[PDB]
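Enquirer: opening piece of a complex, kept in its complex position:
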Amino acid sequence: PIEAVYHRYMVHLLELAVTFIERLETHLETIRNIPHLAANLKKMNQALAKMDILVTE
């Protein structure tokens, strides 16, 4: 005897599974090329300074 309150949960988890199956390849290339908010985090802090100084000139 399934009920209707739990339908929102199963719809949402099914849609999250569908969004997983749709674009696995983007997630795989995203994890492989560069670490999450690590080397990336560092380079944006050093490279924001170039737009800052470009505004200074």
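Expert: Everything's here; your move. Numbers count the residues shown, from 1 in each chain, chains lettered A, B, ... in the order given.

Enquirer: can you pull out the helices in chain A?
Expert: A:7-22, A:24-33, A:39-56 (DSSP state H).

Enquirer: can you add distance to residue A:1 and give the ones you listed back as JSON lines?
Expert: Just so you know, the C-beta spots here come from the backbone N, C-alpha and C atoms, and that holds for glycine as well. Shown next, in JSON lines, are these (distance: least, C-beta to C-beta, whole Å):
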{"stretch": "helix A:7-22", "distance to residue A:1": "13"}
{"stretch": "helix A:24-33", "distance to residue A:1": "35"}
{"stretch": "helix A:39-56", "distance to residue A:1": "49"}
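
Enquirer: include this sequence as chain B:
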Amino acid sequence: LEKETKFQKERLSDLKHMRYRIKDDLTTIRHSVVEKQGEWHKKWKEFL
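Expert: Alright, chain B goes in next:
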């Protein structure tokens, strides 16, 4: 991150302010240029 965002919004505010005041300087310079050329053209039209 929110600090950088506040500095870039203040930055673009200053950019629009300097754009407007150099535009006003352009208007003043052009007005003086127009008056000087009117005087010169009238004077040398009478001269020639």
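
Enquirer: now do the phi/psi pair for residue A:3.
Expert: phi -130, psi 180 (degrees, to the nearest 10).

Enquirer: center of chain B - which residue?
Expert: residue B:26 (2.4 Å; C-alpha atoms, centre = their mean).

Enquirer: quick one: residue B:8 from residue B:17, how far?
Expert: 15 Å (C-beta to C-beta, to the nearest Å).

Enquirer: then add chain C to what we have above:
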Amino acid sequence: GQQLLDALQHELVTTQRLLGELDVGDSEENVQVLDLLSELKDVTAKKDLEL
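Expert: One more chain to add, chain C, which I have set with the ones above:
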């Protein structure tokens, strides 16, 4: 139906042990940083045009 129920229970116990080994992160500050990076992309476009 009950066999399907129990199979899903066992699969989600496996999923829960894999999650309990791999439970890191949040959800709302990611939305906030996505919003601010989109806004600064817009600001970058407008400042290039302004330049």
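
Enquirer: for residue 33, what are its contacts?
Expert: Assuming you mean chain A. Residues near residue A:33 by C-beta atoms under 8 Å, 6 or more residues apart in numbering or on different chains: none.

Enquirer: try chain C instead
Expert: Counting by C-beta under 8 Å, 6+ apart, residue C:33 makes contact with residue B:1.

Enquirer: for the residue of chain B found nearest chain A, phi and psi?
Expert: Chain A sits closest to residue B:11 of chain B, with a gap of 6.1 Å, by C-beta to the nearest C-beta. When read as degrees, to the nearest 10, the backbone of residue B:11 gives phi -60, psi -50.

Enquirer: that concludes my questions; thank you for your assistance.
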